[PDB]
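A.B. asks: I'd like to ask some things about the structure below.
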Amino acid sequence: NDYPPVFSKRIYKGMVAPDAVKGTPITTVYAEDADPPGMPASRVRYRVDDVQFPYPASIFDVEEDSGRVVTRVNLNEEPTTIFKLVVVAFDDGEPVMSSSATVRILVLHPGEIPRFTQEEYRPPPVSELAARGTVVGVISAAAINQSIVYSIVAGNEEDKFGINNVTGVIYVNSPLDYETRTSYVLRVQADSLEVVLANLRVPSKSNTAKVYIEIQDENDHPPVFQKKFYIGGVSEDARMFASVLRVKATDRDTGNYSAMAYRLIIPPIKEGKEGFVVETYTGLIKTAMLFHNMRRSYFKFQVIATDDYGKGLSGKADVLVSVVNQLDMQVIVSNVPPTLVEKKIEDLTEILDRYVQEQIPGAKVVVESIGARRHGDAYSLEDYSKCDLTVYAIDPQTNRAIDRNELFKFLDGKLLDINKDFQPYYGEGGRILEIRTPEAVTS
Ligand SMILES: *[C@@H]1O[C@H](CO)[C@@H](O[C@@H]2O[C@H](CO)[C@@H](O)[C@H](O)[C@H]2NC(C)=O)[C@H](O)[C@H]1NC(C)=O
Ligand SMILES: *[C@@H]1O[C@H](CO)[C@@H](O[C@@H]2O[C@H](CO)[C@@H](O)[C@H](O)[C@H]2NC(C)=O)[C@H](O)[C@H]1NC(C)=O
Ligand SMILES: *[C@H]1O[C@H](CO)[C@@H](O)[C@H](O)[C@@H]1O
Ligand SMILES: *[C@H]1O[C@H](CO)[C@@H](O)[C@H](O)[C@@H]1O
Ligand SMILES: *[C@H]1O[C@H](CO)[C@@H](O)[C@H](O)[C@@H]1O
Ligand SMILES: [Ca+2]
Ligand SMILES: [Ca+2]
Ligand SMILES: [Ca+2]
Ligand SMILES: [Ca+2]
């Protein structure tokens, strides 16, 4: 090691507010070492020095690695004072060599540092759809006899806004998205025109303020149903206004802008019958007629969701309802009670769906009934510790049900694998005992 560090200037210019908070940046010093790079001999660190001028060095400091000069303390000093802070830049070679340099740090009278009209700007909210160059709000700061250069210091990472550094007006730069970020807090600074030209920023309570930008959510996403295609079934004996299925649409918008009204569009049915109705807000479809002798019939309609309660955007799904009776059904006897099965149906059904689907693409299991396990003497009597669960499946290909006996194969075939998947719903030693044909059928 045999070069010292050498400051870029011997004397450095700096300014500081008379009240400045501890850690307020005044300026940066810089030194180079001609010893070989990536080496303790070319490794430059910065201290201060108390020898020549001690008071300056009590109240000020230099960030050891960066060379940023900062206030060491909340200070209270008289305007037009001039501190002489001597910083030393030193090696880390053997032996250590160093170099000093001075920073003439001038204290301002408060009237030379601009004061913003307010400490925090909370402009009205901004449409996420607002066009580029849309005015968000306006900063303003003054200070006698000198004109102002406005700027964003921090918080505009994503380059979402810009500022007319002349008028103090803030505008949309890139487009916006409430689905990404709802809020912004910009830090704005106002330095004076002379002082930008010298390249000394003088941060203070006075000449920094914050801007609080709130993005207004807009109805920019349309409803999307859980499923493009819904598949249900009715029994021939379904009572008027029987539950058939519950549709649901969703929307990345918040509030009223994601709140659905539901309506159907059935192709005309004879004798001016509606066939089916939906509840406008629950999205629950029901039976609006009887289906006597209509087995292997089917109905294809479509359902609409419109958000903002039918004032907004819309999306659609297609629905299929197939007619059936006991001929299409199988019974699933489980060693657990009906209240348990019924409680967990959406999930159990969803399992059976997965198993039937590997045979029949897009098949849908449908749940005619759940009750006590019928047993004994021509199924006369019932056991409420076990459960008869009555099901059927619907092929979207055919629109008609699946063969009772095919349904049996698909399930009895995979009953070991199903009973594993049921384990969590049914509990320890819970399982499907058998699958059987409805008691009515057998002739
Ligand atoms: C302050 O405002 C002006 C714009 O009103 C900026 O000046 C432009 O700067 C760009 C980018 O450096 C140059 O390419 C243009 O030639 C300038 N044009 C005009 C018409 O001014 C200026 O850079 C802004 N910022 C600062 C800190 O001064
Ligand atoms: C969201 O929609 C609802 C229902 O259509 C609106 O609520 C009604 O507002 C009127 C008058 O503005 C009142 O008379 C009712 O008391 C309100 N009813 C309900 C159920 O809230 C609601 O204003 C809408 N919300 C927004 C944020 O626009
Ligand atoms: C710079 O600091 C170093 C510390 O080792 C001294 O060697 C030098 O005389 C000067 O004070
Ligand atoms: C500049 O002056 C200081 C004393 O403040 C020394 O430590 C440094 O080495 C250089 O002489
Ligand atoms: C900066 O300049 C001062 C005098 O203005 C010196 O005392 C100091 O050591 C440094 O060179
Ligand atoms: Ca060196
Ligand atoms: Ca958006
Ligand atoms: Ca939105
Ligand atoms: Ca929406």
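All residue names refer to the structure tokens as shown: chains lettered A, B, ... in order, residues numbered from 1 in each chain, ligands numbered from 1 in order.
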Using only C-alpha atoms and all ligand atoms, determine which residues fall within 6 Å of ligand 7, then list them as a PyMOL selection string.

C.D. replies: chain A and resi 177-179+220

A.B. asks: When the cut-off is 12 Å and you count only C-alpha atoms and all ligand atoms, which residues lie near ligand 8, shown as a ChimeraX atom specification?

C.D. replies: /A:127-129,176-182,215-223,251-258,313

A.B. asks: Give the residues close to ligand 4, within 10 Å, counting only C-alpha atoms and all ligand atoms; write them as an mmCIF file with C-alpha atoms, in the first residue's frame.

C.D. replies:
data_model
loop_
_atom_site.group_PDB
_atom_site.id
_atom_site.type_symbol
_atom_site.label_atom_id
_atom_site.label_comp_id
_atom_site.auth_asym_id
_atom_site.auth_seq_id
_atom_site.Cartn_x
_atom_site.Cartn_y
_atom_site.Cartn_z
ATOM 1 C CA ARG A 47 -14.558 9.681 9.419
ATOM 2 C CA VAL A 48 -14.843 13.253 10.752
ATOM 3 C CA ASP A 49 -12.125 15.200 12.585
ATOM 4 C CA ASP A 50 -12.356 17.230 15.831
ATOM 5 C CA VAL A 51 -8.731 18.474 15.906
ATOM 6 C CA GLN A 52 -8.915 21.668 13.803
ATOM 7 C CA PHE A 53 -12.644 22.387 14.348
ATOM 8 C CA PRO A 54 -14.382 20.406 17.135
ATOM 9 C CA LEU A 85 -16.521 20.287 9.113
ATOM 10 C CA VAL A 86 -13.251 18.478 8.418
ATOM 11 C CA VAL A 87 -13.776 14.962 7.065
ATOM 12 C CA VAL A 88 -10.914 12.488 6.809
ATOM 13 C CA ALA A 89 -10.826 9.695 4.199
ATOM 14 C CA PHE A 90 -8.674 6.675 5.110
ATOM 15 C CA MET A 97 -2.688 6.447 4.886
ATOM 16 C CA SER A 98 -5.365 9.167 4.880
ATOM 17 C CA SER A 99 -6.305 12.714 3.668
ATOM 18 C CA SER A 100 -8.452 15.517 5.126
ATOM 19 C CA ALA A 101 -10.935 17.872 3.425
ATOM 20 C CA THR A 102 -13.273 20.653 4.624
#

A.B. asks: Using only C-alpha atoms, find the one residue out of A:433, A:172, A:70, A:278 that sits nearest to residue 131 (chain A).

C.D. replies: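 That would be A:172, the residue with the smallest distance to residue 131 (chain A).
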
A.B. asks: Any chance you could list, as a VMD selection string, the residues in region 61-178 of chain A that come up strand (DSSP E) when DSSP is run on the backbone?

C.D. replies: chain A and resid 61 to 62 68 to 71 82 to 90 98 to 107 115 to 116 120 to 121 126 to 127 135 to 138 141 to 142 148 to 154 161 to 164 169 to 172

A.B. asks: Emit the selected residues as a compact mmCIF listing (two decimals), in the first residue's frame, including N, CA and C atoms.

C.D. replies:
# COMPACT_ATOMS: atom_id res chain seq x y z
N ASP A 61 -22.00 14.41 11.02
CA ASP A 61 -21.31 13.13 10.81
C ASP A 61 -21.25 12.79 9.31
N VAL A 62 -20.40 11.81 8.97
CA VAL A 62 -20.28 11.30 7.61
C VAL A 62 -20.46 9.77 7.61
N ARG A 68 -21.90 10.23 2.64
CA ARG A 68 -22.99 11.19 2.83
C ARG A 68 -22.77 11.90 4.17
N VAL A 69 -22.79 13.24 4.14
CA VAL A 69 -22.66 14.04 5.33
C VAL A 69 -24.07 14.34 5.84
N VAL A 70 -24.29 14.10 7.13
CA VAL A 70 -25.60 14.21 7.75
C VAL A 70 -25.48 14.94 9.09
N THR A 71 -26.62 15.46 9.56
CA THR A 71 -26.72 15.97 10.92
C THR A 71 -26.70 14.77 11.87
N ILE A 82 -21.53 29.58 9.71
CA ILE A 82 -20.79 28.74 8.76
C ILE A 82 -19.92 27.75 9.54
N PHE A 83 -20.33 26.49 9.57
CA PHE A 83 -19.49 25.47 10.16
C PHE A 83 -18.44 25.04 9.14
N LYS A 84 -17.27 24.66 9.66
CA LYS A 84 -16.18 24.10 8.90
C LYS A 84 -15.96 22.66 9.37
N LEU A 85 -16.62 21.70 8.72
CA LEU A 85 -16.52 20.29 9.11
C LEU A 85 -15.39 19.62 8.33
N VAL A 86 -14.37 19.14 9.05
CA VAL A 86 -13.25 18.48 8.42
C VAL A 86 -13.52 16.97 8.44
N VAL A 87 -13.62 16.40 7.24
CA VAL A 87 -13.78 14.96 7.07
C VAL A 87 -12.42 14.39 6.64
N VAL A 88 -12.12 13.19 7.13
CA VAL A 88 -10.91 12.49 6.81
C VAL A 88 -11.31 11.21 6.07
N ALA A 89 -10.62 10.94 4.95
CA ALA A 89 -10.83 9.69 4.20
C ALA A 89 -9.59 8.80 4.35
N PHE A 90 -9.80 7.54 4.75
CA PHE A 90 -8.67 6.67 5.11
C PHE A 90 -8.74 5.30 4.44
N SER A 98 -4.13 8.40 4.84
CA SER A 98 -5.37 9.17 4.88
C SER A 98 -5.20 10.52 4.17
N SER A 99 -6.26 11.34 4.21
CA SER A 99 -6.30 12.71 3.67
C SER A 99 -7.51 13.44 4.30
N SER A 100 -7.35 14.74 4.59
CA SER A 100 -8.45 15.52 5.13
C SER A 100 -9.11 16.30 3.99
N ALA A 101 -10.29 16.85 4.26
CA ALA A 101 -10.94 17.87 3.42
C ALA A 101 -12.02 18.57 4.25
N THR A 102 -12.36 19.81 3.86
CA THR A 102 -13.27 20.65 4.62
C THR A 102 -14.62 20.78 3.89
N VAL A 103 -15.69 20.91 4.68
CA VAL A 103 -17.05 21.18 4.18
C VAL A 103 -17.55 22.46 4.85
N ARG A 104 -17.61 23.55 4.08
CA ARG A 104 -18.18 24.80 4.54
C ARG A 104 -19.70 24.63 4.53
N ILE A 105 -20.29 24.43 5.72
CA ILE A 105 -21.74 24.18 5.92
C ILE A 105 -22.42 25.45 6.45
N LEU A 106 -23.23 26.08 5.59
CA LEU A 106 -23.93 27.35 5.89
C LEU A 106 -25.34 27.02 6.39
N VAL A 107 -25.76 27.75 7.43
CA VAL A 107 -27.10 27.65 8.01
C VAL A 107 -28.02 28.69 7.36
N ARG A 115 -41.56 27.02 1.80
CA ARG A 115 -42.56 26.33 2.63
C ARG A 115 -43.79 26.00 1.77
N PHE A 116 -44.11 24.70 1.70
CA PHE A 116 -45.30 24.18 1.03
C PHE A 116 -46.56 24.71 1.73
N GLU A 120 -49.19 17.86 4.11
CA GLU A 120 -49.74 16.67 3.48
C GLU A 120 -50.89 17.06 2.55
N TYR A 121 -50.74 16.73 1.27
CA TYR A 121 -51.75 16.92 0.24
C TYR A 121 -52.59 15.65 0.11
N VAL A 126 -58.83 9.18 -7.77
CA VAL A 126 -58.50 9.19 -9.18
C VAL A 126 -59.04 7.92 -9.84
N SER A 127 -59.88 8.08 -10.87
CA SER A 127 -60.38 6.93 -11.62
C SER A 127 -59.20 6.09 -12.12
N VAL A 135 -55.05 15.44 -14.60
CA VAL A 135 -54.63 16.17 -13.39
C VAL A 135 -55.13 15.42 -12.15
N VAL A 136 -54.19 15.11 -11.25
CA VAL A 136 -54.44 14.44 -9.99
C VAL A 136 -54.64 15.48 -8.88
N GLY A 137 -53.77 16.49 -8.87
CA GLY A 137 -53.80 17.61 -7.92
C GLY A 137 -52.61 18.54 -8.10
N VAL A 138 -52.50 19.54 -7.22
CA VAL A 138 -51.49 20.57 -7.37
C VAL A 138 -50.86 20.94 -6.02
N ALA A 141 -45.51 25.80 -3.18
CA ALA A 141 -44.62 26.32 -2.16
C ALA A 141 -43.97 27.60 -2.68
N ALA A 142 -43.75 28.55 -1.76
CA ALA A 142 -43.09 29.81 -2.07
C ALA A 142 -42.03 30.12 -0.99
N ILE A 148 -39.42 28.54 -7.83
CA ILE A 148 -39.43 27.18 -7.26
C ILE A 148 -39.38 26.10 -8.35
N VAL A 149 -38.67 25.00 -8.05
CA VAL A 149 -38.62 23.78 -8.89
C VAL A 149 -39.16 22.60 -8.06
N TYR A 150 -40.32 22.11 -8.50
CA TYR A 150 -41.03 21.05 -7.84
C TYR A 150 -40.58 19.69 -8.39
N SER A 151 -40.72 18.66 -7.56
CA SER A 151 -40.31 17.30 -7.92
C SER A 151 -40.84 16.26 -6.92
N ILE A 152 -41.05 15.03 -7.42
CA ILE A 152 -41.25 13.83 -6.58
C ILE A 152 -39.87 13.29 -6.16
N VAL A 153 -39.63 13.17 -4.85
CA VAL A 153 -38.38 12.59 -4.33
C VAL A 153 -38.54 11.06 -4.22
N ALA A 154 -39.63 10.59 -3.61
CA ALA A 154 -39.79 9.17 -3.30
C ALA A 154 -41.26 8.75 -3.45
N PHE A 161 -46.95 8.46 -12.01
CA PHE A 161 -47.33 9.87 -12.08
C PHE A 161 -46.15 10.71 -12.56
N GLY A 162 -46.46 11.95 -12.96
CA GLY A 162 -45.46 12.97 -13.25
C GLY A 162 -45.87 14.30 -12.66
N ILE A 163 -44.92 15.24 -12.61
CA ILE A 163 -45.13 16.56 -12.02
C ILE A 163 -44.55 17.62 -12.96
N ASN A 164 -45.33 18.69 -13.18
CA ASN A 164 -44.87 19.86 -13.93
C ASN A 164 -43.98 20.70 -12.99
N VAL A 169 -47.98 20.84 -10.64
CA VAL A 169 -49.17 20.08 -11.00
C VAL A 169 -48.79 18.62 -11.23
N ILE A 170 -49.55 17.71 -10.60
CA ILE A 170 -49.28 16.27 -10.68
C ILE A 170 -50.31 15.60 -11.60
N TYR A 171 -49.82 14.69 -12.44
CA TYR A 171 -50.64 14.06 -13.47
C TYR A 171 -50.32 12.56 -13.55
N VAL A 172 -51.26 11.83 -14.16
CA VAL A 172 -51.14 10.42 -14.48
C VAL A 172 -50.10 10.25 -15.60

A.B. asks: Please identify all polymer residues within 12 Å of residue 5 (chain A), counting only C-alpha atoms, omitting same-chain residues fewer than 2 positions from it, and present them as a PyMOL selection string.

C.D. replies: chain A and resi 1-3+7-9+29-35+40-46+88-93+96-101

A.B. asks: Set the distance at 9 Å and use only C-alpha atoms: which residues neighbour residue 205 (chain A) once local chain neighbours fewer than 6 positions away are removed? I'd like the list as a list in words.

C.D. replies: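 The contact residues come out as residues 19, 20, 21, 115 and 119 of chain A.
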
A.B. asks: Enter the distance from CA of residue 200 (chain A) to CA of residue 146 (chain A), in Å, rounded to one decimal.

C.D. replies: 15.3 Å

A.B. asks: So which one's closest to residue 350 (chain A), A:327, A:249, A:418, A:156? Using only C-alpha atoms, please.

C.D. replies: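 Nearest to residue 350 (chain A): A:418.
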
A.B. asks: If we count only C-alpha atoms, what is near residue 184 (chain A) at a cut-off of 7 Å, once residues fewer than 2 positions away on the same chain are taken out, given as a VMD selection string?

C.D. replies: chain A and resid 186 212 to 214

A.B. asks: Check the DSSP output for the backbone and give back, as a ChimeraX atom specification, the residues of region 217-390 of chain A in alpha helix (DSSP H).

C.D. replies: /A:307-310,338-343,345-359

A.B. asks: In Å, rounded to a single decimal, give me how far CA of residue 355 (chain A) is from CA of residue 417 (chain A).

C.D. replies: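 Separation between CA of residue 417 (chain A) and CA of residue 355 (chain A): 9.3 Å.
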
A.B. asks: Neighbours of region 285-299 of chain A within 10 Å (only C-alpha atoms; same-chain residues fewer than 4 positions away dropped), as a PyMOL selection string?

C.D. replies: chain A and resi 232-247+262-264+266-267+269+273-280+303+319-325+327-328+398-401

A.B. asks: Pull N, CA and C atoms from the residues just selected and write them as a short mmCIF file (atom, residue, chain, number, x, y, z; two decimals), in the first residue's frame.

C.D. replies:
data_model
loop_
_atom_site.label_atom_id
_atom_site.label_comp_id
_atom_site.auth_asym_id
_atom_site.auth_seq_id
_atom_site.Cartn_x
_atom_site.Cartn_y
_atom_site.Cartn_z
N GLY A 232 -77.61 -29.84 -14.16
CA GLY A 232 -78.48 -30.33 -13.09
C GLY A 232 -79.47 -31.36 -13.62
N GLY A 233 -80.42 -31.72 -12.76
CA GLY A 233 -81.43 -32.71 -13.07
C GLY A 233 -82.67 -32.50 -12.23
N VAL A 234 -83.82 -32.89 -12.77
CA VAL A 234 -85.03 -32.88 -11.98
C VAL A 234 -85.57 -34.30 -12.00
N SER A 235 -86.25 -34.65 -10.90
CA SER A 235 -87.03 -35.85 -10.85
C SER A 235 -88.41 -35.58 -11.47
N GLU A 236 -89.05 -36.63 -11.99
CA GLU A 236 -90.38 -36.50 -12.55
C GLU A 236 -91.35 -35.96 -11.49
N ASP A 237 -91.08 -36.28 -10.22
CA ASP A 237 -92.00 -36.01 -9.11
C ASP A 237 -91.59 -34.73 -8.36
N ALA A 238 -90.64 -33.97 -8.90
CA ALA A 238 -90.20 -32.72 -8.28
C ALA A 238 -91.40 -31.81 -8.01
N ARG A 239 -91.56 -31.38 -6.76
CA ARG A 239 -92.55 -30.38 -6.38
C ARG A 239 -92.25 -29.03 -7.07
N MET A 240 -93.31 -28.24 -7.29
CA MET A 240 -93.17 -26.92 -7.90
C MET A 240 -92.21 -26.08 -7.05
N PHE A 241 -91.16 -25.56 -7.69
CA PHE A 241 -90.20 -24.65 -7.07
C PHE A 241 -89.18 -25.43 -6.25
N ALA A 242 -89.00 -26.71 -6.60
CA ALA A 242 -87.86 -27.51 -6.15
C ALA A 242 -86.53 -26.82 -6.51
N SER A 243 -85.56 -26.83 -5.58
CA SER A 243 -84.16 -26.36 -5.84
C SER A 243 -83.50 -27.26 -6.89
N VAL A 244 -82.83 -26.66 -7.87
CA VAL A 244 -82.27 -27.41 -9.00
C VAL A 244 -80.75 -27.22 -9.02
N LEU A 245 -80.30 -25.96 -8.97
CA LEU A 245 -78.89 -25.63 -8.71
C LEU A 245 -78.73 -24.13 -8.47
N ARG A 246 -77.56 -23.77 -7.93
CA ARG A 246 -77.24 -22.42 -7.55
C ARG A 246 -76.04 -21.97 -8.40
N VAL A 247 -76.26 -20.98 -9.26
CA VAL A 247 -75.18 -20.41 -10.05
C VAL A 247 -74.51 -19.32 -9.21
N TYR A 262 -79.30 -11.81 -11.48
CA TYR A 262 -79.39 -13.03 -12.26
C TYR A 262 -80.73 -13.08 -13.00
N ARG A 263 -80.67 -13.57 -14.24
CA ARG A 263 -81.85 -13.78 -15.03
C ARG A 263 -81.58 -14.89 -16.04
N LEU A 264 -82.63 -15.63 -16.38
CA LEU A 264 -82.53 -16.72 -17.31
C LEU A 264 -83.01 -16.30 -18.70
N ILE A 266 -84.73 -18.88 -21.26
CA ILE A 266 -85.24 -20.19 -21.69
C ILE A 266 -85.84 -20.07 -23.10
N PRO A 267 -85.54 -21.02 -24.02
CA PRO A 267 -86.21 -21.06 -25.31
C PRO A 267 -87.66 -21.46 -25.08
N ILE A 269 -91.31 -22.66 -24.19
CA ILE A 269 -91.92 -23.94 -23.79
C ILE A 269 -93.43 -23.86 -23.99
N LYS A 273 -95.28 -21.82 -20.31
CA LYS A 273 -94.68 -22.16 -19.04
C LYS A 273 -93.24 -21.66 -19.07
N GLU A 274 -92.74 -21.30 -17.89
CA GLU A 274 -91.43 -20.72 -17.81
C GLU A 274 -90.41 -21.86 -17.67
N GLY A 275 -90.88 -23.02 -17.19
CA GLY A 275 -90.05 -24.20 -16.91
C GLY A 275 -89.23 -24.05 -15.63
N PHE A 276 -88.43 -22.97 -15.58
CA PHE A 276 -87.46 -22.73 -14.54
C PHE A 276 -87.39 -21.23 -14.26
N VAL A 277 -87.09 -20.89 -13.00
CA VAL A 277 -86.87 -19.50 -12.58
C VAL A 277 -85.58 -19.42 -11.76
N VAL A 278 -84.96 -18.24 -11.72
CA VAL A 278 -83.83 -18.02 -10.85
C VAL A 278 -84.17 -16.91 -9.86
N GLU A 279 -83.65 -17.04 -8.64
CA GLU A 279 -83.71 -15.95 -7.69
C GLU A 279 -82.68 -14.92 -8.13
N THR A 280 -83.11 -13.66 -8.25
CA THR A 280 -82.32 -12.58 -8.81
C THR A 280 -80.97 -12.41 -8.12
N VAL A 303 -78.06 -18.57 -18.52
CA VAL A 303 -78.21 -17.67 -17.38
C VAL A 303 -77.26 -16.48 -17.57
N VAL A 319 -76.82 -23.58 -19.19
CA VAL A 319 -77.34 -24.53 -18.22
C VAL A 319 -78.02 -25.69 -18.95
N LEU A 320 -77.88 -26.89 -18.40
CA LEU A 320 -78.59 -28.09 -18.86
C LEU A 320 -79.29 -28.75 -17.67
N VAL A 321 -80.60 -28.97 -17.80
CA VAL A 321 -81.37 -29.71 -16.81
C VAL A 321 -81.93 -30.97 -17.49
N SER A 322 -81.57 -32.15 -16.97
CA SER A 322 -82.10 -33.39 -17.48
C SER A 322 -83.20 -33.92 -16.54
N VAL A 323 -84.22 -34.55 -17.13
CA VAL A 323 -85.29 -35.23 -16.40
C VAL A 323 -84.96 -36.73 -16.27
N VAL A 324 -85.37 -37.29 -15.12
CA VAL A 324 -84.99 -38.63 -14.62
C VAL A 324 -86.07 -39.14 -13.66
N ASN A 325 -86.01 -40.43 -13.33
CA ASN A 325 -86.73 -41.02 -12.19
C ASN A 325 -85.90 -42.21 -11.70
N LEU A 327 -85.36 -45.22 -12.17
CA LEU A 327 -84.66 -46.02 -13.18
C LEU A 327 -83.21 -45.53 -13.41
N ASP A 328 -82.97 -44.22 -13.26
CA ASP A 328 -81.65 -43.63 -13.55
C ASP A 328 -80.76 -43.59 -12.29
N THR A 398 -74.78 -36.45 -24.09
CA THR A 398 -76.09 -36.99 -24.46
C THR A 398 -77.24 -36.11 -23.96
N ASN A 399 -77.00 -35.29 -22.93
CA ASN A 399 -78.05 -34.46 -22.30
C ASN A 399 -79.01 -35.31 -21.45
N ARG A 400 -78.97 -36.63 -21.64
CA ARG A 400 -79.78 -37.56 -20.88
C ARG A 400 -78.86 -38.10 -19.78
N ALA A 401 -79.45 -38.79 -18.80
CA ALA A 401 -78.74 -39.41 -17.67
C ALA A 401 -77.72 -40.44 -18.17
#

A.B. asks: Using only C-alpha atoms and all ligand atoms, which of the listed residues (A:81, A:95, A:188, A:157) sits closest to ligand 3?

C.D. replies: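 Of all the options, A:95 lies closest to ligand 3.
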
A.B. asks: Check the smallest atom-to-atom distance from each of A:259, A:352, A:370, A:211 to residue 421 (chain A) using only C-alpha atoms, then report the winner.

C.D. replies: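 Nearest candidate to residue 421 (chain A) out of A:259, A:352, A:370, A:211: A:352.
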
A.B. asks: Just want the 12 Å neighbourhood of residue 406 (chain A), counted on only C-alpha atoms, with same-chain residues fewer than 5 positions away dropped. Output as a PyMOL selection string.

C.D. replies: chain A and resi 328-330+356+359-360+392-395+401+411-413+437

A.B. asks: Pick the closest to residue 337 (chain A) from A:391, A:261, A:432, A:284: which is it, counting only C-alpha atoms?

C.D. replies: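 Closest candidate: A:432.
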